[PDB]
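This report concerns only the one structure given below.
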Amino acid sequence: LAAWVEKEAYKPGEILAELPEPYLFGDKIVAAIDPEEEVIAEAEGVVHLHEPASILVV
Amino acid sequence: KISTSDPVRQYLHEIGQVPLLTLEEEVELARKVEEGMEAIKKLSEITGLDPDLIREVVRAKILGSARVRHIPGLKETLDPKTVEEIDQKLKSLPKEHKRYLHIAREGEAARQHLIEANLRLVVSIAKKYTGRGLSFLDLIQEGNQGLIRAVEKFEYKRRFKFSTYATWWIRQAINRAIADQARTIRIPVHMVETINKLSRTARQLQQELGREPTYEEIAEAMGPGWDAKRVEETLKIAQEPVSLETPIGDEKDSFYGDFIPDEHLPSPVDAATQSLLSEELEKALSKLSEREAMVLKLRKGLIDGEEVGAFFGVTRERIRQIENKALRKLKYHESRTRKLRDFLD
Ligand SMILES: [Mg+2]
Ligand SMILES: [Mg+2]
Ligand SMILES: [Mg+2]
Ligand SMILES: [Mg+2]
Ligand SMILES: [Mg+2]
Ligand SMILES: [Mg+2]
Ligand SMILES: [Mg+2]
Ligand SMILES: [Mg+2]
Ligand SMILES: [Mg+2]
Ligand SMILES: [Mg+2]
Ligand SMILES: [Mg+2]
Ligand SMILES: [Mg+2]
Ligand SMILES: [Mg+2]
Ligand SMILES: [Mg+2]
Ligand SMILES: [Mg+2]
Ligand SMILES: [Mg+2]
Ligand SMILES: [Mg+2]
Ligand SMILES: [Mg+2]
Ligand SMILES: [Mg+2]
Ligand SMILES: [Mg+2]
Ligand SMILES: [Mg+2]
Ligand SMILES: [Mg+2]
Ligand SMILES: [Mg+2]
Ligand SMILES: [Mg+2]
Ligand SMILES: [Mg+2]
Ligand SMILES: [Mg+2]
Ligand SMILES: [Mg+2]
Ligand SMILES: [Mg+2]
Ligand SMILES: [Mg+2]
Ligand SMILES: [Mg+2]
Ligand SMILES: [Mg+2]
Ligand SMILES: [Mg+2]
Ligand SMILES: [Mg+2]
Ligand SMILES: [Mg+2]
Ligand SMILES: [Mg+2]
Ligand SMILES: [Mg+2]
Ligand SMILES: [Mg+2]
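If you're matching them up, the sequences are chains A and B in order. Under the numbering used here, residues 1 to 58 are what the first sequence spells out, in order. Under the numbering used here, residues 1001 to 1345 are what the second sequence spells out, in order.
As structure tokens, this is what we get:
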């Protein structure tokens, strides 16, 4: 979902450098930059709301 | 036990366990339904199979086994082998198209899910179109058919949510139903509204006269082309029928249908009529010329009611000639031996 939002990982291989400052000394994004269930051409196709943790017994 | 409560509880319980969140769940499902469409179509494109076929096979795999295909739609899709063949090509679709298959099913499911969740919406709606002449369950059911209709056309791209959308698509389904089934003798929607306007108008007219409007007022107040003959006619159609089986007179044990007489059936008098009439008409028909007598006997008594087109090859002059001369010798000798005079009719 968020992959395309921050173009860094879906556009080129930059999800590793997305980990900000300690990389100089599977998904791993920035410290905390996005807060919506959207599509980011321009923050247009969105849906900012709740987040379920539905346990499927399977 | 009693039927309204059980269904009410039936869907209310499922909504109670799964209402759809305002935005999220309706968005989610919506998105899946559409992708299903785009999927099925693209499936049609790569399989050459009609989107109708792709649609029913994903339905069977998600909604029901051979059981649901065999009883509902009689038998053209082989219960097992047929649909299966279709699922096999769907599997063969590599990584790229297989994706559409997997999506189509998931989309089909979501659909049903959205439909389930928005059933309270129907009943809440259908609740007010109650006293129109349809059973509450019948009303909810048509309205239900309406919500399914909405599901087919909602474009999630256009931000508005399914609530307001279903409202319209349901109200239309209901009103139609009300106009198509409510009466024994069907009445088009226009006549219906026509009747409502007539009623409403009679209402505002009752308002001050103290005189149930003569069909004069109703015409006036109604509008452009309303006249007495029109109103007397509409309200005549407005009266629903009466129960052929109704308690009559001292309701003790009276049933309305034993009293209506019968018309096609020849009461004895008529059977005797056709006996002598046919025997005597048959006697005259024999001792004669079969040239213009049978022509007018058959043209008049055998098929339909054409002097020229009445006689075979011989023109009009021999027709009128034998018609009028044989018809009069026949009448004047029948005047002698008076058998026909006493008008059998
Ligand atoms: Mg980081
Ligand atoms: Mg790193
Ligand atoms: Mg560096
Ligand atoms: Mg470090
Ligand atoms: Mg080192
Ligand atoms: Mg953030
Ligand atoms: Mg998201
Ligand atoms: Mg925004
Ligand atoms: Mg969303
Ligand atoms: Mg939130
Ligand atoms: Mg597509
Ligand atoms: Mg191709
Ligand atoms: Mg058949
Ligand atoms: Mg065939
Ligand atoms: Mg089978
Ligand atoms: Mg089986
Ligand atoms: Mg593709
Ligand atoms: Mg009422
Ligand atoms: Mg309303
Ligand atoms: Mg009326
Ligand atoms: Mg009104
Ligand atoms: Mg009346
Ligand atoms: Mg009586
Ligand atoms: Mg009779
Ligand atoms: Mg006879
Ligand atoms: Mg004779
Ligand atoms: Mg003969
Ligand atoms: Mg003869
Ligand atoms: Mg004879
Ligand atoms: Mg004749
Ligand atoms: Mg004839
Ligand atoms: Mg004819
Ligand atoms: Mg001929
Ligand atoms: Mg003559
Ligand atoms: Mg002559
Ligand atoms: Mg004659
Ligand atoms: Mg006389």
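All C-beta atoms in this analysis are idealised placements derived from N, C-alpha and C, irrespective of residue type, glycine included.
Listed along chain A, the residues sitting closer than 7 Å to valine 1027 (chain B) by beta-carbon distance are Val47. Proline 1247 (chain B) carries a strand assignment under DSSP once its states are collapsed to helix, strand and coil. Against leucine 1023 (chain B), the close residues of chain A are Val47 and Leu49, in the order they occur along the chain (beta-carbon pairs closer than 7 Å). Inter-segment contact for the stretch 1083–1097 of chain B and the stretch 1039–1056 of chain B is present: three or more beta-carbon pairs are separated by less than 8 Å. Note that the C-beta distance between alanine 1182 (chain B) and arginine 1132 (chain B) is below 8 Å. Each of B:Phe1255, B:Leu1277, B:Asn1196 and B:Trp1226 was checked against the Cα of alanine 1238 (chain B), and the nearest Cα belongs to B:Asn1196.
For ligand 17, no non-hydrogen atom lies closer than 7 Å to the CB of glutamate 1034 (chain B). Taken through DSSP and simplified to helix, strand or coil, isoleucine 1322 (chain B) comes out as helix. Nearest neighbour of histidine 48 (chain A) by Cα position, chosen from A:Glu14, A:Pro35 and A:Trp4, turns out to be A:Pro35. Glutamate 44 (chain A): member of the beta strand (DSSP E) spanning 43–45, first to last residue. Secondary-structure assignment with DSSP links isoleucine 40 (chain A) through a beta bridge to A:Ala43. Across the structure, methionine 1294 (chain B) and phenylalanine 1255 (chain B) are spaced so that their CA atoms are roughly 50 Å apart. Non-local beta-carbon contacts of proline 1080 (chain B) in its own chain, meaning distances under 8 Å to residues more than five positions away in sequence, involve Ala1066 in chain order. In this structure the stretch 1318–1336 of chain B does not lie against the stretch 1247–1261 of chain B, because fewer than three pairs of beta carbons, one per stretch, are closer than 8 Å. Between the alpha carbons of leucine 1296 (chain B) and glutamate 1334 (chain B) lies a distance of about 18 Å.
Relative to ligand 23, the beta carbon of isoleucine 1248 (chain B) is positioned inside 7 Å of a heavy atom.
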